[PDB]
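Next up: just one chain, as structure tokens, the form deposited in one PDB entry.
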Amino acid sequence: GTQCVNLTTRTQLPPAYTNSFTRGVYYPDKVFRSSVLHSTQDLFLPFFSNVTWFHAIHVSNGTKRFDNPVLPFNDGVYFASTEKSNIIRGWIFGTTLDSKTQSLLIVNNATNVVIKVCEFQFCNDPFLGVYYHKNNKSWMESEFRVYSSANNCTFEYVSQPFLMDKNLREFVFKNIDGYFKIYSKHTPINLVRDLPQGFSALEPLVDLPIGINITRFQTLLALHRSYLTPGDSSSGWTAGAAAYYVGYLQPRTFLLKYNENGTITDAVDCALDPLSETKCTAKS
């Protein structure tokens, strides 16, 4: 394992609230469909659903604040972020998030993604370190500060990075019948505060044969060396990009519009309103 760092400040950062508009839709399956409208019941992000915007770290005076909370998982999670800074590197999923139970660790870095399932003893304020190498004049990984120890490991997976390099990243996480399923999409945008209007379905990223309870998760962040000085001020980092959006999936019935190339271009939340209930009864 590694040593742990106490980052959470006495002064917390307040969450904001926004809507999902019509986002969070994803290809429920790998079945090809073309020029057709398909009805399916599954865990979807209801339209205009309650969404929370968290700021994990901030520099004001230059005062430091940190509040990177452990959130519930409920029936599934919609996660989104806007950052060109590669600050968000992954997530931790599990129940107790300590050595008493298994937990899922998903970490990205420049070269690969690592996914592990272990009895982890997690730091209260987990994170990854990065610093600016002055001779190579570039950013590099410093030290993991995520967990104190890890045993009983039952799953390890390595592949290519997907969080690395006006860019909206969207993820949906489900934990069903032993599989942790991840869907994602990258979209370019010109909006700052609120989730953009428009439609974009998320493509299947990976199904993982994990087989564990998940009731909570926490985001993993990469912090600059600049931020770890012993003072309360951080002059060497415009940390405002370290924020993310969280909504939650619900069992809903949706109509999905597949165009002639098999792409989902529109959807209907049948329970949203009478008009949608009508389009679902009519099936057109």
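When you see a residue number, it is the position in the sequence shown, counting from 1. For clarity, a rigid core is taken as the largest C-alpha set superposing within 1.5 Å between two forms.
Just so you know, the form deposited in another entry exists too; it's not on screen, but the next bit is about it.
After superposition on the rigid core, the single residue among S149, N112, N152, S138 whose C-alpha moves by 2 Å or more between the shown form and the other one is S138. Relative to the superposed core, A239 undergoes a C-alpha shift of no less than 2 Å between the shown form and the other one. Relative to the superposed core, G211 shifts its CA atom by less than 2 Å between the shown form and the other one. The Cα shift for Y27 between the shown form and the other one, taken after rigid core superposition, is smaller than 2 angstroms. In that other deposited form, the Cα positions of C123 and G231 lie at least 3 Å farther from each other than in the form displayed. Note: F217-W237 Cα separation is 3 Å or more shorter in that other deposited form than here.
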